[PDB]
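Chemist: coordinates only, no sequence provided:
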Ligand SMILES: Nc1ncnc2c1ncn2[C@@H]1O[C@H](COP(=O)(O)OP(=O)(O)OP(=O)(O)O)[C@@H](O)[C@H]1O
Ligand SMILES: Nc1ncnc2c1ncn2[C@@H]1O[C@H](COP(=O)(O)OP(=O)(O)OP(=O)(O)O)[C@@H](O)[C@H]1O
Ligand SMILES: Nc1ncnc2c1ncn2[C@@H]1O[C@H](COP(=O)(O)OP(=O)(O)O)[C@@H](O)[C@H]1O
Ligand SMILES: [Mg+2]
Ligand SMILES: [Mg+2]
């Protein structure tokens, strides 16, 4: 977010046309060009890799803002942290209901893949049932 | 001849140097048979909005005058033809023999050149003809979300004019102009197919500006259609014009205005978007007898977003037209088609233009439905009232492409407003109705002829109708 | 508010670049320079005073509009009047919770400060309790 | 020389170059000719700006289609002027003073410039004299002022024009003076309907109609109100007539000004409006006023774009009024006519010193009950009334009956319903709403209160319903 | 006659040509960046004629290293892509360059990517149904031949397998071909798709055109048109049915917005390009049926802020003929394809189009499944015991119906060894009519998992 | 915990958790009323109201506005008081006893002024 | 502040909907075996809470539509101000 702000500052000072949120027409390109360099290389090129963990700061948890929207589109998955979860003591404050990894189980070892298989559905069912906490009998 | 030169071009706007004698709003020919309209004339150049294939415009090209302010050819030869906003055939059926040419920005009839709307325009839709009747020269907005049956209502209205056309009487005939602005090409083709199957293309003209057109054509199409209709209206003919839809025309005009760097206002629309629609719809009029008595009936279509009729363009058009038919997505998705909403739908000037029989039958009906909606959302009398309301809701359901003649609508509404449907099950109310109507046409068709000739339902014909209903019900 | 509108009209006609709601950059400066001339002079200057009572009209009770925000940040407190309170019979329709005087007891005689020292806080707490206990049985 | 030539044409705005020493003054009327056949006409331009280098920018009163650069422009030496006198009564005029029902009529009349200063401040006197209408809601909550300024705000299709017709019926019919109607940017067929209705009611002979309607360039839609006001000012200042001035719709004047401002190359204000929005409204409205001994009762319809009462145009209009009837889409959806928002509407004379203590007390009680009902809508929308206290349930039933009883069968609503309208004396209105607020009709069903007149109507309707 | 760079502002390049050699709008120009590290050939696309022999162009590659005054060569045509049967089985960028084999296809016939839609009279005036052979699609959400199908669903719902399934069915049932248009394609996912299609042995049936995320907005804007041009060649010249996949169409709209902003145009509502509707129409009107052949498109559609009234989805849905929503819930039950039968919709599921019997059976299925969804919460929280007997009968019938919407897909043969099925439309209609009537409630639930028509149902019932 | 110590961190986190839950429950209490909460939620709401009031303080700089002289509370006393509050040790005192005071002695005095103890 | 208020209302309505749906299911269970019972005082709790849940769903839908209108309008107004400043500096 700070880098996008700096680039917008430069672009405006250079009198380049502004768009939504006054960003230039190539801010998405800024971030996508940056983040496509994070890759897993083929064995022909040495098999090296670079994993990117971009951080985006939302305001009032508006992930539909311009720069969050761009970076969400660019990346392979999102860990959404929330201050309400943080205050509830859920630390790290990841919202497992909306967080996603499109690589998914391919990025886990087999043991984790097995023990963690039921976690997602268990947590979703828990969130559905939480309203009935006091009526457990 | 004066010849100008393109000095720059971009995004549907060209600038031409020269052409000192050019008129404001004149048409200009660019090579490749491209046309533009001279919007801005300054000491340096002429700013032209390109109406056509803008990608063929190049700096240095020769621009010629046409000597004509923005205008289209008009005449009877346009019936049965499909044309683009310039009046050029796109149906591949040869040349159109224009009677004359008509400028697109001629002003509407004045306060003293009109007369009150008094002749009905029968849409053939029971819901509309009974609850929001449309008179000739009225402007009735058809407004609703996408895929709510707006085009179906307008196409059925055009189809309903077939009988009036076959009379041969210019005081009864209605020539139709369908204007497609930003519609899918296949939807325009299917509209043409339906009109052809109904024999409507004989008296219908289509002005097409499909979704692949540039903004200039979409902006111009309604005025082209209106000019073609006005040529007939000022010759004592009655015209129905459908604008499908003016939301897309507003979007096209906003695109042109932004490309001209005109500062926008509400929802990025230019300040004169209201003027755009209001001058167009003001030209739909019922003329005084001194001017021949012709009329043009406007049926503008507006597409709302999430049934938000309080948005800018919807409110503009509501404040221009003489009432609206509001098609709901909830009703439409429940199978209540046409999906008219009584709470919102009204005809401001249609009551005077509604035959006596229809008035008598539908009077109590309108309020009955309006109240029954709430009573349903919420004793023996109340339960009977709910049953009656459900039967009436089924009564006003109508299949597509099947407009009803006015006398048939009278009988159909009579079935429901006089308790003759309480016996039949709700799910049969339609089939029963249809069957019964056919019966009256097969035999006891004297009722239809009487209603058509007198425009009222006599007590004796009413009693004969009840007796026919009872005999058919026992047969039913 | 009307003076701010007039100044905006003038600035736009002089083609000075506009800002929020098309207001000129120095609209806050207009009001602040105006309202800081209301002062309580030192005894050396004669001890005279000018008390300012600026009036701001909001629309739809939106005190977060540009000009209301400016003037609120300039003055020594505000009396918020609300049509809901007015229609309820609270006349003057002063919203106690958000209305305040930044001078306080120094602007009151001793007797008044004595009998009204905690009235505004008591009324704020009362409104809070009335809202909270609305449906308590 | 002395004659200019067109240099630039940008829609209905024309730049004209004049010889040095012959630059026309601001607001002067200039004349140009369009010769192209179908569009042939004489354009009246109005000087709006001095651009420098002997150029002026003018607003065309007619569409500029067919105008060519370099055509000769002649300066009339004066601004637009309209015929005035007793003869304008019974006739329809356009913004330029041309009679439409009888072309050429009024050319021999005295002619007044449509631009003039408002009355001097020393001549202004506040008006506090109730103009009883017979409409329950107006009379009780937003009493109109005789010689004052009344506005009817509302979004699209909520009943502004039907209420203007209502007030023409109730106030103009029995009027002993002159009436002026200004159609500003409204439906032409509505102008025709009004002309015919006035003719039928015999009110036309007392009425001057001026029309610049929707299908006009923004300059005409900006100036037609001034032309009608010029006729009204003649009646006020030269004849001592009590004058009724109806304007439908003044928002259209503001909107035309916005279009023109965009065409003039001015930098836009908020929501794209002209920077001079408040200034233009101020000039026009300040001319629309009574003076000491000289009465103009003015009633103006005010469109509210997109039902947005915060929009700058109505927002600046609010300050110019003595009584404000705000029509509500929410009220309209309930079938309540007139669709007045009883909490948002206001009147400067609804205070005890003017209308008396009992009228004021009853009005305040009605407003308090309605406000309490509005405050409870959050709960009711979800749970309904069954969760409220006993006091609140009683208040909610009372408020529903009150809100229905503010509705009325209007004189002008017959055309839509076939039901003749009703007139309720102010005293009966005060009594009826006193009884309503006190709970004396809590037993009658709600619908008995809907679209009726006074207490006899309520008794008859409740009896018809079994109560 | 060559031009020269005059101004460089990021991807915007102004170029001056001699008086009479100005390129036409949308012409492709070539420039050279010679700096060794960044050396490349820039493709510029003429966007505007600025006058005085200047043209404003959008660079298709980053302009880093470009120098003022370098020579600009006019190609005399717009961006042109290779066409023919040779493009199948290969990956291309938006400019026609082969990515898996640089230089491949340079000798093929080349078609300009800017083309008009079929002439109004050449359009088919009557809608048609694209019988896929998949029970759920054919019954509940029939696809329109020449129409557009929105596709929804996050990762892990079988979306890629569904795409492979449609490629399979268009190739083997209609004898057609596929074009995939990765608009704003993630490079990792483009590589994954390439490898997966090769593994599925459907790569030979499909041409891949990638406009990657890390490219300037111009290529992301034009990639959809490039893929469409290849599909148009297949339909109009080879006389084949074509399935055109676009992922993501919203990224085409957003790239258009970025380009419009770069060119100094004033944004329209919500910041989109003023010509948003016109651009979308120009793209979508080329996807039709003409002269007996059709391009059918399945398009992934992103909805900003889940706001369907947002200008981008609002413009896109003006052109969409059907909607297929893939649900994680359905996938988690092993029901493949994981099409959410209640959220999915089709604009041709009407009696007038698919017939009365089809409509009736589909509505019955929808009603039963909706009642089941309503009873789901009671089942979960209070238990199925609380339900009335009629409710239990409905639950059993609905569970069987929803399992029978599953099918063994052609693309599923590579994970489960069993081959796929193609159920004729009549068979599906009668099977689901019987299922709604309750003629299979006695059979075990598992009998309905991943089978074709009634013969498979009987076979699996007996095998249990 | 590393800088301020385990006890301070724990008490602060518990106060934040209670106040967050109270914020979550406020809309429900506004519409459906408190009685429809579970017993634990009712207890938490009472505790949260007392905690939020006890976080307020009569300040030295505020005497010009309230007429009440200010107070200063040691950190250890603050931690102990809020530890007791989060355990419900003061649940029996009226919430008005916790408004604009200093430490636990001020709380006791105000409670006795309000008829509690 | 309009959008912030609308989002607060959306959160409130969602919580109310969750509680009322839970209460409706609890009432369903209790049927087989306070004043939130609709017009009972003036089974019934189950119907009343089903009605309340439907009303809260409708409120959430309407509030979300209003919030999206406000979000779009704010984007448009912000762009209008930005481009107006840029044009005036052109
Ligand atoms: N009375 C009716 N009975 C049955 N089906 C109908 C009826 N009216 C319309 N339909 C069908 O409903 C669908 C929508 O109709 P139509 O295309 O007229 O609506 P629309 O609002 O104009 O749509 P769009 O947003 O696509 O322009 C079409 O399938 C049409 O066949
Ligand atoms: N008192 C009334 N009784 C019954 N119907 C009414 C009444 N007032 C208005 N209506 C209905 O509402 C329609 C709109 O009313 P009206 O023309 O007065 O609205 P408006 O606010 O002037 O509209 P617009 O913004 O379109 O000019 C009327 O044509 C009639 O259909
Ligand atoms: N019909 C099916 N039969 C067997 N396995 C399937 C089926 N559909 C999906 N899968 C499995 O589920 C996973 C997700 O499917 P895929 O379409 O690749 O998801 P996405 O496209 O969202 O990445 C795949 O790895 C695949 O093996
Ligand atoms: Mg349509
Ligand atoms: Mg009106």
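Modeler: Sure thing, it's come through. Residues are numbered from 1 along each chain as shown, chains lettered A, B, ... in the order given. Ligands and ions are numbered 1, 2, ... in the order given.
Chemist: CA atoms for contacts and neighbours, from now on please.
Modeler: Fine.
Chemist: the residue of chain A at minimum distance from ligand 1 - nearest residue in space that isn't next to it in sequence?
Modeler: Closest residue of chain A to ligand 1, Cα to the nearest ligand atom: residue A:64 (27.0 Å). Leaving aside its sequence neighbours, residue A:64 sits nearest to residue E:305 (Cα to Cα, 6 or more residues apart in numbering or on different chains; 5.3 Å).
Chemist: quick check, the residue in the stretch 251-400 of chain D closest to ligand 2?
Modeler: Closest point on the stretch 251-400 of chain D to ligand 2, by Cα to the nearest ligand atom, is residue D:337, at 4.6 Å.
Chemist: that residue in helix, strand or coil?
Modeler: coil (DSSP: H, G, I helix; E, B strand; the rest coil).
Chemist: doesn't residue D:409 make contact with it?
Modeler: Yes - between residue D:337 and residue D:409 there is a contact at 7.3 Å, judged by Cα atoms under 8 Å.
Chemist: related to what we said a few turns ago, what are the phi and psi angles of the residue of chain A closest to ligand 1?
Modeler: Taking degrees, to the nearest 10, you get phi -90, psi 0 for the backbone angles of residue A:64.
Chemist: quick one: contacts for the most centrally placed residue in chain F?
Modeler: The centre of chain F sits closest to residue F:51, judged by Cα atoms, centre = their mean, with a distance of 1.8 Å. Shown in contact with residue F:51 (Cα atoms under 8 Å, 6 or more residues apart in numbering or on different chains): F:15, F:19, F:82, F:85-86, F:98.
Chemist: circling back to that earlier point, ok, residue D:337 and residue D:409, which is more surrounded?
Modeler: residue D:337 (24 against 21; other Cα atoms under 10 Å in any protein chain shown).
Chemist: now that one: phi and psi?
Modeler: Dihedral angles (degrees, to the nearest 10) for residue D:337: phi -130, psi 130.
Chemist: all helices of the chain, in order?
Modeler: As the question left the chain open, I've gone with chain A. Along chain A, counting by DSSP state H, helices occupy A:2-13, A:27-35, A:66-74, A:83-87, A:110-115, A:119-129.
Chemist: switch to chain G, that's the one I care about
Modeler: Using DSSP H, helices in chain G cover G:2-32, G:44-89.
Chemist: wait, what's in contact with the closest residue to chain D within the stretch 1-150 of chain B?
Modeler: Distances between the stretch 1-150 of chain B and chain D by Cα to the nearest Cα are smallest at residue B:42, namely 4.2 Å. For residue B:42, the contact set (Cα under 8 Å, 6+ apart) comprises D:7-10.
Chemist: those in strands, which ones?
Modeler: D:7-10 (DSSP state E).
Chemist: which of those residues lies closest to chain A?
Modeler: For these, the nearest to chain A is residue D:10 (26.2 Å; Cα to the nearest Cα).
Chemist: show me what contacts the closest one?
Modeler: Residue D:10 makes contact with B:39-42, D:263, according to Cα under 8 Å, 6+ apart.
Chemist: switch to 10 Å and redo it
Modeler: Under the criterion of Cα atoms under 10 Å, 6 or more residues apart in numbering or on different chains, the neighbours of residue D:10 are B:24-25, B:38-42, B:46-47, D:64, D:263-264.
Chemist: tell me the one of these nearest chain F?
Modeler: residue D:263 (50.8 Å).
Chemist: got phi/psi on that closest one?
Modeler: Torsion angles, degrees, to the nearest 10, at residue D:263: phi -70, psi -30.
Chemist: ok so, going back, got CSV for the helices of chain A, with distance to residue B:345 and mean neighbour count too?
Modeler: Shown next, in CSV, are the helices of chain A (distance: least, Cα to Cα, whole Å; neighbours: other Cα atoms under 10 Å in any protein chain shown):
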stretch, distance to residue B:345, mean neighbour count
helix A:2-13, 49, 14
helix A:27-35, 46, 20
helix A:66-74, 40, 18
helix A:83-87, 46, 16
helix A:110-115, 59, 11
helix A:119-129, 41, 12
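Chemist: hang on, residue B:7 in a helix?
Modeler: No - using three-state DSSP, the secondary structure at residue B:7 is strand, not a helix.
Chemist: spatially central residue for the chain, please.
Modeler: By default, I'm working from chain A. Note: chain A centre (Cα atoms, centre = their mean) maps to residue A:78, 2.5 Å.
Chemist: that's the wrong chain, I meant chain G
Modeler: Judging by Cα atoms, centre = their mean, chain G has its centre closest to residue G:60, at 2.6 Å.
Chemist: gap between it and chain B?
Modeler: 14 Å (Cα to the nearest Cα, to the nearest Å).
Chemist: touching, that residue and residue G:18? I think so.
Modeler: No - here residue G:60 does not reach residue G:18: they are 11.7 Å apart, not a contact under Cα atoms under 10 Å.
Chemist: what parts of chain A come near chain F?
Modeler: A:84-90, A:133-135 (Cα under 10 Å from any Cα of the partner chain).
Chemist: just those that are near chain E?
Modeler: Checked against chain E using Cα under 10 Å from any Cα, the residues of chain A next to chain F yield no neighbours at all.
Chemist: which two from these end up farthest apart in space?
Modeler: Largest separation among those by Cα to Cα: A:86 and A:135, giving 26.1 Å.
Chemist: which residues does the closest residue to chain F within chain G contact?
Modeler: Using Cα to the nearest Cα, residue G:12 is the residue of chain G that sits closest to chain F, at 5.4 Å. Residue G:12 sits next to F:24-28, F:30-31, G:6, G:56, G:60 when contact means Cα under 10 Å, 6+ apart.
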